[PDB]
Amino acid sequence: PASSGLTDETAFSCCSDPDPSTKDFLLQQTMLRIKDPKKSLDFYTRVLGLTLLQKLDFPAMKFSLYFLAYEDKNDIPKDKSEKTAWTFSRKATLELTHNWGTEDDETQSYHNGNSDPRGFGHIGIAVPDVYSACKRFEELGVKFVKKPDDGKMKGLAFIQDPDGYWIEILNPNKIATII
């Protein structure tokens, strides 16, 4: 029997109610390696409107971590120790990992997971209006993987960040209409 995927029945049959030990777990971060934080920080804050919660430097291992999320900057504790506990307890953050030097190495680039070898596909952002968001993205020179009305999924877009990671742009209140 050629795979026709799971029925809803099988799928949900594979699903267990959370064990009480897992009751306070949260999905805290998605980590992506970045070649050049100057570009990545600009894109994510200025184009997408995230806020840089914290920059952590690790001299012993020659990398930095940049945590970005949709949070009000006024909410960030100034104190380093308090900043840390707050940042790592936010939901839905991006951890951008910068291995020092990569920005100056012409031979280096990271792989976005969407060609051989595939794996990771993208992160995704819900917006109140995909068409207006993308017109703005266009005016800002953002590279598109899929414009909102190209292809057969109309009203859905994919853009790329400076490393070429894909970012889905969607309106959650209009997805059902395109299945």
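Take the two forms, find the largest set of C-alpha atoms that superpose within 1.5 Å, and that set is the rigid core. Throughout, we count residues from 1 along the sequence that is shown.
Note on 147-155 and 37-45: with rigid core alignment, C-alpha atoms in 5 other deposited structures of this protein sit farther from this form for 147-155.
Here the rigid core sets the fit, and in 5 other deposited structures of this protein the C-alphas of 16-24 stray farther than those of the other stretch, out of 162-170 and 16-24. In this entry, 131-139 has the higher mean Cα B-factor, the comparison being between 131-139 and 110-118. If you average the C-alpha B-factors over 45-53 and over 147-155, the higher value belongs to 147-155. Among the modelled residues of the chain, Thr102 sits in the lowest third by CA temperature factor in this PDB entry. Sort the modelled residues of the chain by CA B factor and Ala60 lands in the highest third. Per the PDB record, residue ranking by Cα B-factor puts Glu9 in the highest third of the chain. In this PDB entry, the Cα temperature factor of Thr93 sits in the bottom third of its chain's modelled residues, the lowest group. In this PDB entry, the Cα temperature factor of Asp163 sits in the bottom third of its chain's modelled residues, the lowest group.
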